[PDB]
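First comes the structure, then the notes that go with it.
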2 protein chains.
Amino acid sequence: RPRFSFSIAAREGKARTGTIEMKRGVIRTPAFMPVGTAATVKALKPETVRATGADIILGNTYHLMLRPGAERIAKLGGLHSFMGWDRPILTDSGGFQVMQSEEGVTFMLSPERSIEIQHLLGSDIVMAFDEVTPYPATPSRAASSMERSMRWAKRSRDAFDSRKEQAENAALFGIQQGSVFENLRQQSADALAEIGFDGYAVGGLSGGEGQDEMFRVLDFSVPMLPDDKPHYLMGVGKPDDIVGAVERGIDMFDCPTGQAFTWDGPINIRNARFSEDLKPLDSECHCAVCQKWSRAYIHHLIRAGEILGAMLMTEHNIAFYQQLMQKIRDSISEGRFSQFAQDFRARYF
Amino acid sequence: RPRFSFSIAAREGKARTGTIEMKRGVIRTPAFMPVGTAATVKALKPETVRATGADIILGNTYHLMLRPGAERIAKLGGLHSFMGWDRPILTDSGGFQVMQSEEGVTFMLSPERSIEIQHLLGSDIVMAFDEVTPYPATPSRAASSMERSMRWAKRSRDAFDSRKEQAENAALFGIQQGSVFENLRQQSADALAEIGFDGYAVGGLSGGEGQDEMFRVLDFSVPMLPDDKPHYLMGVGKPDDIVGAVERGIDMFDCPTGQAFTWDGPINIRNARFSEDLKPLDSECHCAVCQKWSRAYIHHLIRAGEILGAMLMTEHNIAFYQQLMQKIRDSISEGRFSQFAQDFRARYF
Ligand SMILES: Nc1nc2[nH]cc(CN[C@H]3C=C[C@H](O)[C@@H]3O)c2c(=O)[nH]1
Ligand SMILES: Nc1nc2[nH]cc(CN[C@H]3C=C[C@H](O)[C@@H]3O)c2c(=O)[nH]1
Ligand SMILES: [Zn+2]
Ligand SMILES: [Zn+2]
């Protein structure tokens with residue numbers, strides 16, 4: 001297996017489906033990444049995460065760097081070994097969760113330390129360290145913040161490249177900034193392209209703007225990124241946000257872990273209407289949870305504060321997301337994604 | 001399969017090993033029963049409980065009767081169906097957890113209502129409803145309380161018998177009382193024998209008396225019970241308590257769910273000495289947890305308050321108990337239990 005190979009198998013409009021091949025495994029795209037925060041995907045063993053169909057998980061850096069510590073995890077063999085997940089892991093840069101000088105942020109985290117921490121963890125996909133642009137942001141501030149991010153993007157590239165085992169075995173993604181402003185998004189895309197990355201994230205969205213504005217920014221922002229590399233929309237996860245985002249060119253997502261997702265829309269299982277409902281969470285869902293337990297039981301578990309309630313709810317929700325991703329991939333491959341998208345939200349809402 | 005058949009396969013001194021056959025499955029004895037409190041064994045799916053080797057679980061009645069409600073559980077198909085465990089379930093009578101007139105206790109729970117609630121749950125082994133004798137207790141009070149329990153024992157027998165589906169499909173155990181007093185224990189055994197039960201519990205112990213006194217009471221108390229029926233020691237669960245209890249004639253236990261059990265004694269995984277320990281919880285343990293994760297990881301999980309920490313700790317501890325039970329059964333079968341018991345506690349302490 002190569003360090004990194006993204007291949008597009010099929011397209012429909014702006015949507016793409018394909019694969020990212022890496023040394024630890026193949027990632028099917030468009031891809032949803034369950035999040036692990038303190039080296040665990042909440043309430044699930046790694047084997048359960050895999051069984052839902054996840055190909056890659058996201059590891060939060062901020063928490064790991066505080067506990068148990070990046071050096072400690074490296075001493076113990078790296079994050080994959082520590083937590084028992086042997087497939088790819090994408091690590092975030094740690095900054096969002098902190099988030100201040102040109103060198104970085106003390107709360108000490110800088111482009112270089114971030115990349116070092118991700119190396120210590122043994123991350124497969126490394127995120128460049130950026131500066132959080134708050135929403136809303138004035139043009140001047142978004143610009144200043146975007147420029148700083150591009151300087152930090154270059155520092156991230158050079159830090160990554162200066163570490164041979166990292167350079168040979170991991171991938172590096174850059175993050176586009178610029179708030180909602182087209183010209184800033186363009187300058188940002190151009191800067192990142194000039195530096196060169198294995199993949200490109202759209203940062204700065206899903207922060208109060210609302211879906212309409214997010215989609216509008218995506219409309220012009222994703223075509224600015226290199227077409228031949230993956231496009232990652234950071235911190236976007238509602239099912240309808242994902243479908244629309246894929247319609248605009250996005251290949252990767254992270255964010256499911258009383259709310260249960262269903263094809264007819266989210267339900268809150270604690271609601272009294274489910275107390276004697278023997279149906280599964282979702283009548284079409286293939287997950288082991290819907291195979292074996294009723295709404296009534298999970299309703300009881302969650303109302304009683306039982307851990308098994310969290311376990312079941314999480315497994316269902318992550319499986320639901322992976323099934324969504326699978327339906328998206330198949331429909332693009334089959335050239336019926338536009339219809340899928342229409343059908344999905346006629347029923348979802 | 002018969003409603004109930006206890007067969008003793010081997011003996012060594014007072015210790016016995018055998019089987020209880022019931023319609024939902026075979027219970028290997030001596031047996032350890034994981035406890036389910038609100039229709040779940042904490043942090044484990046039923047399939048995981050089974051994988052540890054449990055043959056039967058205990059369901060707490062008190063909690064179920066409050067939430068979600070016994071009638072509701074019956075409406076939904078019974079406890080086995082509700083929670084996804086299809087093997088035998090022993091239910092307690094609900095009284096300990098409440099615990100006042102001759103009719104019962106309002107907090108309304110009486111012999112008859114208790115037996116009814118256990119029927120609604122679809123319990124396989126039904127516990128007679130008794131009166132809690134506190135420890136310590138004067139002779140007069142233990143006697144009064146024991147007498148009341150024997151009256152309630154007869155009421156429990158007749159309530160159970162008056163319900164054909166229960167009588168034909170479930171078993172009924174009586175509970176011996178009498179605190180630490182031999183003559184009261186004898187009167188109690190005699191009363192219960194005269195009424196007749198499928199099994200006999202030793203109630204009233206493990207309540208401050210300490211292991212030495214408990215063993216001393218067991219010394220004279222268990223031989224008073226019918227030899228040919230199972231002997232259940234209620235609410236006794238430390239590994240060393242179990243070994244000593246089996247040496248005295250006990251066949252069933254309930255009580256494992258930061259403390260991890262090991263063959264060298266309990267450890268508290270949160271202790272800083274384990275933060276970089278890559279060994280499993282126990283180096284001889286066969287459980288899936290010790291197959292895959294280190295002390296260091298579980299230490300981190302528990303210190304971080306992660307649910308996966310509780311999941312792993314619980315699975316290990318219950319597996320450890322089932323392995324203990326298996327070692328006990330094999331050593332009795334092989335006539336080397338006395339040596340096993342000696343070896344166990346030379347290392348355990
Ligand atoms: N580091 C990184 N991580 C991330 N997670 C989610 C987002 C998208 N950001 C938006 C979410 C909150 C902030 O106010 C910003 O408006 C992102 C990013 O832009 N960069
Ligand atoms: N109902 C029933 N459940 C039970 N769980 C544990 C015990 C053994 N009891 C002792 C534990 C607490 C009390 O002070 C009593 O000293 C038991 C019982 O004797 N009866
Ligand atoms: Zn499901
Ligand atoms: Zn173990």
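Lettering of chains follows the sequences in order, A, B, ..., and the numbering in each one begins at 1. Each ligand, and each atom within it, is numbered from 1 in the order the structure gives.
Under the 4.0 Å criterion applied to side-chain N and carboxylate O atoms, B/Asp219 and B/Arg248 are assigned as salt-bridge partners.
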Could you list, one pair per line, each nitrogen or oxygen of ligand 2 together with any protein nitrogen or oxygen closer than 3.5 Å, giving atom names and the distance rounded to 0.1 Å?
{"unit_1": "ligand 2", "atom_1": "1 (N)", "unit_2": "B/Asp130", "atom_2": "OD1", "d": "3.4"}
{"unit_1": "ligand 2", "atom_1": "9 (N)", "unit_2": "B/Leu205", "atom_2": "O", "d": "3.3"}
{"unit_1": "ligand 2", "atom_1": "19 (O)", "unit_2": "B/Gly204", "atom_2": "N", "d": "2.6"}
{"unit_1": "ligand 2", "atom_1": "20 (N)", "unit_2": "B/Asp130", "atom_2": "OD2", "d": "3.3"}

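For the residue pair B/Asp92 / B/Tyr62, no side-chain donor-acceptor distance below 3.5 Å is found, with atom types taken as modelled. A side-chain N or O of B/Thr91 and one of B/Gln118 form a donor-acceptor pair less than 3.5 Å apart.
Checked against a 6.0 Å centroid threshold, the rings of B/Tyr321 and B/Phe261 count as neighbours.
Between the B/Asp55 side chain and the B/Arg28 main chain, a donor and an acceptor come within less than 3.5 Å of each other. B/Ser149 places a side-chain N or O within donor-acceptor distance of the main-chain N or O of B/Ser145, the cut-off being under 3.5 Å.
One of the N, O or S atoms belonging to A/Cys290 lies under 2.8 Å away from the Zn ion (ligand 3).
Our summary of the site lists the angle at the Zn ion (ligand 3) between SG of A/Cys285 and SG of A/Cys287 as 110°, to the nearest 10 degrees.
Geometric assessment of B/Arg157 against the ring of B/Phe197 yields a positive cation-pi assignment under the 6.0 Å and 45° thresholds.
Nearest N/O/S atom of B/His316 with respect to the Zn ion (ligand 4) is recorded as ND1.
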